[PDB]
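In order, the protein sequences belong to chains A, C, E, G, I, J, H, F, D and B. Residue numbering for the first sequence follows the entry's author numbering, starting at 1 and increasing by one per position. Residue numbering for the second sequence follows the entry's author numbering, starting at 1 and increasing by one per position. Residue numbering for the third sequence follows the entry's author numbering, starting at 1 and increasing by one per position. Residue numbering for the fourth sequence follows the entry's author numbering, starting at 1 and increasing by one per position. Residue numbering for the fifth sequence follows the entry's author numbering, starting at 1 and increasing by one per position. Residue numbering for the sixth sequence follows the entry's author numbering, starting at 1 and increasing by one per position. Residue numbering for the seventh sequence follows the entry's author numbering, starting at 1 and increasing by one per position. Residue numbering for the eighth sequence follows the entry's author numbering, starting at 1 and increasing by one per position. Residue numbering for the ninth sequence follows the entry's author numbering, starting at 1 and increasing by one per position. Residue numbering for the tenth sequence follows the entry's author numbering, starting at 1 and increasing by one per position. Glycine included, each C-beta is placed from N, C-alpha and C at the ideal position.
There are 10 protein chains.
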Amino acid sequence: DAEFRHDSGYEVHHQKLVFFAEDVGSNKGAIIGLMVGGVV
Amino acid sequence: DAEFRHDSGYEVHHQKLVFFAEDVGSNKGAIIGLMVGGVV
Amino acid sequence: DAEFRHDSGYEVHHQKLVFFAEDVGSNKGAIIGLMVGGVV
Amino acid sequence: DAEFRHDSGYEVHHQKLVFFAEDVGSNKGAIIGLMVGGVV
Amino acid sequence: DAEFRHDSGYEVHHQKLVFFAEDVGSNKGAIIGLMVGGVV
Amino acid sequence: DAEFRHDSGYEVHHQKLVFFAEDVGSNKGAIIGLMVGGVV
Amino acid sequence: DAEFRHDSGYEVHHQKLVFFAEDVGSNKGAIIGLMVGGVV
Amino acid sequence: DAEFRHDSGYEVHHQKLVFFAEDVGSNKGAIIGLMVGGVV
Amino acid sequence: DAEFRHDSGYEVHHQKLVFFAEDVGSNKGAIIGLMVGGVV
Amino acid sequence: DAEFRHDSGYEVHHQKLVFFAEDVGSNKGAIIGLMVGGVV
């Protein structure tokens, strides 16, 4: 008379999660508000 | 008289999740608000 | 007299999820609000 | 007298999901609000 | 006297889903609001 | 013996120029690359 | 014996120029690359 | 014996120039690369 | 015997220039690379 | 025998220049690279 229940609400085996964020709100280039040249 | 229930609400085996975000709201190029040249 | 139930509400085996977002709201090119040249 | 039920509400085996988004709301080209040249 | 039910509400085997979105609301070309040249 | 020449190559009096561009390459509505719902 | 020449190459009096660009390459609405819902 | 030349190459009187750019490459709305919901 | 030349190469009187750029490459709204919800 | 030349190469009287740049490459809204919720 055995029972053997395995009711683990969440069972996870060999899970591999990678969350990668790169370059979020980053500036790798020029941002210039104004360029003014040769103004008389 | 065995039972053997395995009622794990969520059972996950060998899951591999990759969430990749790149270049979200990023500027890799020029943003210039104004260029003004040769103004007299 | 065996039973052998396997009622896991969610059963996942060997799932591979890739969520990839690239270049979302990103500027890789020039954005210029105004270019003004040769104005007298 | 066996039973052998396998009523997992969701059963997934060897699923591979790829969600790819690229270039969503991204500018890879020039956007210029105005170009004004040779104005007297 | 066996039973052998397999009533998994959703059963998925070897599913491969690819959702690909590219170039959604993206500008790879020039957008110029105005070009004005040679105005006197 | 008067002369009174007025040879101005370009003579402009009381000119009013309005160049208006609105909504050029602009999205005021939804753009969705894919909607997928209820897929099994 | 007067002369009175007025040969100004470009003569401009009371010129009013308005160059207006609004909403050039701008998104005021939603852009979604993918919406995926209820996928099993 | 007067002369009275007024050969100014460019003569400008009472010029009013307004260059306005608004909302050039700007996002005032949502841009979402992916929305994924209810995926099993 | 007067002369009275006024050959100023560029003559500007009462010029008013307004260059306004607003919201150039600016985000006033949400940009989300991915939203993932309810994934098992 | 007067002369009275006024050949100033650039002559500017009562010029008013306003160059205004606001919100150039600025984020006033949320940018989120990923939101992941309810992942098992």
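List, in chain order, every chain C residue whose beta-carbon is nearer than 8 angstroms to that of residue i.
i: residue 18 (chain B); result: The contacting residues do not exist; residue 18 (chain B) stays about 11 angstroms from chain C at best.
Quick one: what's residue i bridged to in DSSP?
i: residue 19 (chain G); result: E:19 and I:19
i: residue 11 (chain J); result: H:11
i: residue 37 (chain C); result: A:37 and E:37
Using the beta-carbon count (16 or more within 10 Å), is residue i buried or exposed?
i: residue 38 (chain B); result: exposed
i: residue 17 (chain A); result: exposed
i: residue 20 (chain E); result: buried
i: residue 30 (chain F); result: buried
i: residue 35 (chain J); result: exposed
i: residue 40 (chain A); result: exposed
Below 7 angstroms on C-beta distance, what does residue i contact in chain E?
i: residue 33 (chain F); result: 21 and 24
Within the present structure, is the beta-carbon of residue i separated from the nearest heavy atom of the ligand FAD by less than 6 angstroms?
i: residue 10 (chain E); result: No copy of the ligand FAD occurs in the structure displayed, which carries no ligand at all.
Any beta carbon of chain M sitting closer than 7 angstroms to that of residue i?
i: residue 4 (chain E); result: Absent from the structure: chain M. Protein chains present are A, C, E, G, I, J, H, F, D and B.
Residues in the same chain with beta-carbon distance under 7 angstroms from residue i, minus the five sequence neighbours each way, listed in chain order, please.
i: residue 42 (chain G); result: Not covered by the structure: residue 42 (chain G). The range shown for chain G is 1 to 40.
Please go through the same chain and pick out, in chain order, the residues whose beta-carbon is closer than 8 angstroms to the beta-carbon of residue i, but skip the five residues on each side of it.
i: residue 4 (chain G); result: none
Looking only at its own chain, which residues have a Cβ that is under 6 angstroms from the Cβ of residue i, when we skip the five neighbours before and after it?
i: residue 2 (chain G); result: none
Contact the stretch 8-16 of chain E vs the stretch 7-26 of chain B: 3+ CB pairs below 8 angstroms: The stretch 8-16 of chain E makes no contact with the stretch 7-26 of chain B; the number of CB pairs closer than 8 angstroms stays below 3.
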